[PDB]
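In the deposited numbering, the protein residues as written are 32 to 396. Beta carbons are placed, not taken as given, at the ideal position from N, Cα and C, and that holds for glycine. Following: one structure in C-alpha cells, then a few remarks.
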Ligand SMILES: COC(=O)/C(C#N)=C1\SCC(=O)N1c1ccc(C(=O)Nc2ccc(C(C)(C)C)cc2)cc1
Ligand SMILES: Cc1cc2nc3c(=O)[nH]c(=O)nc-3n(C[C@H](O)[C@H](O)[C@H](O)COP(=O)(O)O)c2cc1C
Ligand SMILES: O=C(O)c1cc(=O)[nH]c(=O)[nH]1
C-alpha cells in the first residue's frame, strides 16, 4: 500500500534519525494507546482464523512481549490489526531495569539489541490497569482477540518460582494465557530456569497455582524459550512440557549470539538480538520443538517476522500462531496488514485452505 511505502521509506527513517530507540519506543506506546495509527485497511478473512489454547484467534499475527510491557496500549494494538496481544514481561514488584542507553538499533541488519532488564510497573499497577478494561477484554476475547500476559521475576528475588506464582495469582485471572518467560538474556541466572528437575519444580508450582483459579479465570500456561538452547536443554524442555501438560511454547526470545555477518556499528553491545538475524535460528528452534513434542503442543513462533513468507515459514515449521515486534521499528504499523495480506496470498498459492492446514506442513513432506 501507500501507507506501507510511506512508513518504511519516509516516516520511520525520519523518526529513527530524531529519536534514540528507547524514546522512540515510549512515543510509540503513547501514540498506540491514543489510537494515532494508520487505518488497518486489511479485513481478516476466514482463512486466517485459528483455534488453539482454548480460543478463537481472528488472525494468527500477534504483538510479541516487550512492546507493551505494562499493559498501557492493548486496545491500540488491536487497532493495529494484531489477532492477539501479549503484554509484559511484568515483575512482582516495580523495578527500573538497567541504566540508559539499553536499546540499540542495527539498521544495516534490520535488527535491534536490547538490555532493558525487565523494567516493569509491577503486578499491582498492571492488575489495576487490566481491571479497568476487563469486560472490554472479555468481549474482545469472545470476538477472537485474546490477551496474553508474560510474567517475569525481579532482579533481587530470592525464590524465582515464588515470583512466577505471584504473577499467576495476580494476573492469571485477567489473561487468556500466561507466559513463563524463562528466557530473557538480561536477568542474571534467569535462563538456568530452563534446565531439568528444577524446570519441572518451577513449572509444577506454576501449574498448581493456575489450577487453583476459578474456571472462568483459568488461563493457559506457556513456556517461552530462548534460541540459544543446547540440544540437551531442548530435549529436557520437551520432556517436562509433555509430562506436566504445559499448554504451549513460545519460540523464541532474543538471542545472546551474534551471527556472523552483522554490520551494525552497535553489534557488540550486550543484550538480546532480535529482527532479521534471529529469523532462521527461531524457525529452526520451532521446527525442533514441534518434532520433540510430536506436534501435540501448540507453538507461538516469534523472531524476525517481517513478511508473509516469514510467517508462513514458521507456521509450516510448526507454529500455530506468530508474533512480531522488531519489524515495527523499520516498517511501522503498516507491517501488520502487510504480513496478513501476504500470508493469505501464499496460503492460497500453496493450496492451503487456511492457516490451520499449514501448521506443521513441513513435517508431513
Ligand atoms: C512522531 O511519531 C509518530 O508520528 C508516530 C510514532 N511513534 C507515529 S504516527 C502514526 C504511527 O503509527 N506512529 C507510530 C510510529 C512507530 C511506531 C512503532 O511501533 N515504533 C517502534 C519504535 C521502536 C521499536 C524498538 C526499537 C523498541 C524495537 C519498535 C517500534 C508506532 C506508531
Ligand atoms: C526491546 C525489546 C524488549 C523485549 N522485552 C521482552 C520481555 O519483556 N519479555 C519477553 O518475553 N520478550 C521480550 N522481548 C522479545 C520479543 O518478545 C521477541 O521474542 C523477540 O524480539 C523476537 O521477535 P522479533 O524479532 O519480532 O522482535 C523483547 C524484545 C525487544 C526487541
Ligand atoms: O526486559 C528485557 O530486557 C528483555 C526481556 C526478555 O525476555 N527479552 C528481551 O529481549 N529483553
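Cβ-heavy atom distance, residue i to ligand 2, below 6 Å
i           : result
residue 59  : no
residue 334 : yes
residue 285 : yes
residue 357 : yes
residue 66  : no
Sub-7 Å separation of residue i and residue j beta-carbons
i           : j           : result
residue 146 : residue 301 : yes
residue 116 : residue 151 : no
residue 73  : residue 94  : no
residue 87  : residue 33  : no
residue 264 : residue 325 : no
residue 35  : residue 364 : no
residue 189 : residue 119 : no
residue 385 : residue 78  : yes
residue 309 : residue 335 : yes
residue 39  : residue 307 : no
residue 241 : residue 199 : yes
residue 294 : residue 331 : no
residue 203 : residue 244 : yes
residue 154 : residue 123 : yes
residue 192 : residue 236 : yes
residue 271 : residue 238 : no
residue 368 : residue 71  : yes
residue 83  : residue 290 : no
residue 215 : residue 209 : no
For residue i, the three-state DSSP class (helix, strand or coil)
i           : result
residue 332 : strand
residue 82  : strand
residue 66  : coil
residue 133 : coil
residue 110 : helix
residue 189 : coil
residue 272 : helix
residue 117 : strand
residue 166 : helix
residue 100 : coil
residue 126 : strand
residue 361 : helix
residue 305 : strand
residue 38  : helix
residue 314 : helix
residue 286 : strand
residue 297 : coil
residue 338 : coil
residue 208 : strand
residue 33  : helix
residue 151 : strand
residue 87  : strand
Contact test: residue i Cβ vs ligand 3 heavy atom, cutoff 6 Å
i           : result
residue 90  : no
residue 148 : yes
residue 185 : no
residue 303 : yes
residue 151 : no
residue 223 : no
residue 270 : no
residue 215 : yes
Cβ neighbours of residue i in the same chain (closer than 7 Å, five flanking residues each side left out)
i           : result
residue 377 : 339, 340, 343
residue 85  : 251
residue 128 : 147, 148, 149, 150
Spatial neighbours of residue i in its chain, beta-carbon cut-off 6 Å, leaving aside the 5 residues before and after
i           : result
residue 163 : none
residue 258 : 283, 286, 312, 313, 316
residue 254 : 211, 277, 280
residue 348 : 314, 317, 318, 393
residue 205 : 161
residue 358 : 337, 366
heavy atom of ligand 1 below 6 Å from residue i C-beta
i           : result
residue 101 : no
residue 282 : no
residue 113 : no
residue 41  : no
residue 143 : yes
residue 62  : yes
Close beta carbons around residue i, own chain, < 8 Å, minus the five adjacent residues each side
i           : result
residue 47  : 55, 136, 138, 360
residue 133 : 53, 145, 146, 147, 148, 302
residue 375 : 76, 78, 79, 339
residue 156 : 101, 125
residue 103 : 60, 64, 160
residue 167 : 106
residue 437 : A question about residue 437 goes unanswered here, because the residues of the chain that appear run from 32 up to 396.
residue 288 : 258, 259, 304, 312
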